[PDB]
Amino acid sequence: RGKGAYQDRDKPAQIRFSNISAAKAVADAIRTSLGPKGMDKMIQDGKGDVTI
Amino acid sequence: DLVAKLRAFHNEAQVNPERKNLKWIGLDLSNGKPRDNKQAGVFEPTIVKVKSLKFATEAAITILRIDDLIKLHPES
Amino acid sequence: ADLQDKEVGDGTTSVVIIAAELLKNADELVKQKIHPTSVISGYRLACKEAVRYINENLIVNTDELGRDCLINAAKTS
Ligand SMILES: Nc1ncnc2c1ncn2[C@@H]1O[C@H](COP(=O)(O)OP(=O)(O)O)[C@@H](O)[C@H]1O
Ligand SMILES: [Mg+2]
């Protein structure tokens with residue numbers, strides 16, 4: 001048996017890691033606004049409109 | 001000292017049932033002394049104070065509810 | 001301030017000053033690790049009790065005074 005498939009291509013692993021990192025970043029960003037003790041966020045658009 | 005004297009007057013009015021007439025003690029800005037503002041002719045509509053309190057409380061609650069700001073850059 | 005002007009017409013500076021002071025003190029409490037929800041609940045209860053106390057103890061009926069009450073209110077304005 002010995003070694004298996006070499007998997008010379010490393011790009012798929014990097015793509016998976018980047019996707020996971022982005023999803024985790026989004027989840028962490030919106031984590032603070034969960035539950036009865038969560039707090040709102042204020043978002044200002046490019047047009048200058050504000051929403052809470 | 002003026003605010004301290006006013007607070008003392010109102011505290012005495014609240015704790016002593018025999019001095020309930022001190023509730024009207026306000027500020028006389030001309031001489032800088034506490035003065036009975038009911039007999040001095042300094043009145044306001046009650047709706048002014050009530051609406052001011054309600055609106056200010058709601059605005060403070062609305063602002064205090066924020067803990068994070070995202071400011072997107074203008075498209076141009 | 002604009003809403004206070006539209007709905008009442010007087011006390012436009014007082015409401016802004018009171019709101020700013022309320023916000024400043026609330027943030028001072030929050031900096032001491034007091035949760036903002038507790039501060040909001042306390043503010044709501046305090047506002048309700050203040051309104052009740054004003055309506056029950058600090059009001060003067062105008063019929064007791066007459067046109068002098070209107071004149072004094074205008075002059076104060
Ligand atoms: N003759 C007076 N003596 C003492 N205080 C007064 C007198 N007239 C008005 N005030 C007080 O000054 C405060 C400020 O009122 P003002 O700023 O003129 O109204 P607004 O906030 O609508 O501009 C009022 O809360 C009122 O109680
Ligand atoms: Mg005024």
# chains A, B, ... in the order shown; residues from 1 in each chain; ligands from 1
call {"tool": "residues_around", "arguments": {"residues": "residue 68 of chain B", "least_positions_apart": "3", "cutoff": "9 Å", "atoms": "only C-alpha atoms", "output": "VMD selection string"}}
result
chain A and resid 39 to 43
call {"tool": "residues_around", "arguments": {"residues": "residue 40 of chain B", "least_positions_apart": "5", "cutoff": "12 Å", "atoms": "only C-alpha atoms", "output": "PyMOL selection string"}}
result
(chain B and resi 24-28+34-35) or (chain C and resi 68-69+72-73+75-76)
call {"tool": "residues_near_ligand", "arguments": {"ligand": "ligand 2", "cutoff": "9 Å", "atoms": "only C-alpha atoms and all ligand atoms", "output": "ChimeraX atom specification"}}
result
/C:9-14,76-77
call {"tool": "interface_residues", "arguments": {"of": "chain C", "to": "chain A", "cutoff": "9 Å", "atoms": "only C-alpha atoms", "output": "VMD selection string"}}
result
chain C and resid 35 to 37
call {"tool": "residues_around", "arguments": {"residues": "residue 2 of chain B", "least_positions_apart": "3", "cutoff": "7 Å", "atoms": "only C-alpha atoms", "output": "MDAnalysis selection string"}}
result
chainID B and resid 5:6 33
call {"tool": "interface_residues", "arguments": {"of": "chain B", "to": "chain C", "cutoff": "12 Å", "atoms": "only C-alpha atoms", "output": "VMD selection string"}}
result
chain B and resid 10 13 to 14 20 to 25 37 to 67
call {"tool": "select_by_dssp", "arguments": {"residues": "chain B", "states": "helix (DSSP H, G or I)", "output": "PyMOL selection string"}}
result
chain B and resi 2-15+17-24+46-64
call {"tool": "select_by_dssp", "arguments": {"residues": "chain B", "states": "strand (DSSP E)", "output": "ChimeraX atom specification"}}
result
/B:25-28,33-36,66-71
call {"tool": "write_last_selection", "arguments": {"atoms": "C-alpha atoms", "output": "mmCIF file, in the first residue's frame"}}
result
data_model
loop_
_atom_site.group_PDB
_atom_site.id
_atom_site.type_symbol
_atom_site.label_atom_id
_atom_site.label_comp_id
_atom_site.auth_asym_id
_atom_site.auth_seq_id
_atom_site.Cartn_x
_atom_site.Cartn_y
_atom_site.Cartn_z
ATOM 1 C CA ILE B 25 -40.196 76.256 45.135
ATOM 2 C CA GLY B 26 -38.229 76.928 41.962
ATOM 3 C CA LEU B 27 -35.348 79.125 40.808
ATOM 4 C CA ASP B 28 -35.403 82.931 40.712
ATOM 5 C CA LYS B 33 -32.391 82.416 45.241
ATOM 6 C CA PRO B 34 -35.102 79.764 45.597
ATOM 7 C CA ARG B 35 -38.576 81.206 45.141
ATOM 8 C CA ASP B 36 -42.155 79.929 45.246
ATOM 9 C CA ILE B 66 -26.463 50.549 19.657
ATOM 10 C CA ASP B 67 -23.163 48.788 20.302
ATOM 11 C CA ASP B 68 -21.656 48.462 16.804
ATOM 12 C CA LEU B 69 -21.514 50.731 13.754
ATOM 13 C CA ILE B 70 -20.812 49.724 10.153
ATOM 14 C CA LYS B 71 -20.192 52.653 7.796
#
call {"tool": "closest_residue", "arguments": {"among": "A:29, A:23, A:15, A:34", "to": "chain B", "atoms": "only C-alpha atoms"}}
result
A:29
call {"tool": "atom_distance", "arguments": {"atom1": "atom CA of residue 7 of chain A", "atom2": "atom CA of residue 21 of chain A"}}
result
22.4 Å
call {"tool": "atom_distance", "arguments": {"atom1": "atom CA of residue 30 of chain B", "atom2": "atom 8 (N, counted along the ligand's line) of ligand 1"}}
result
10.7 Å
call {"tool": "residues_around", "arguments": {"residues": "segment 72-76 of chain B", "least_positions_apart": "3", "cutoff": "9 Å", "atoms": "only C-alpha atoms", "output": "ChimeraX atom specification"}}
result
/A:43-48
call {"tool": "atom_distance", "arguments": {"atom1": "atom CA of residue 1 of chain B", "atom2": "atom CA of residue 32 of chain B"}}
result
9.9 Å
call {"tool": "closest_residue", "arguments": {"among": "B:31, B:17, B:7, B:12", "to": "ligand 1", "atoms": "only C-alpha atoms and all ligand atoms"}}
result
B:31
call {"tool": "closest_residue", "arguments": {"among": "C:64, C:32, C:2, C:49", "to": "ligand 1", "atoms": "only C-alpha atoms and all ligand atoms"}}
result
C:2
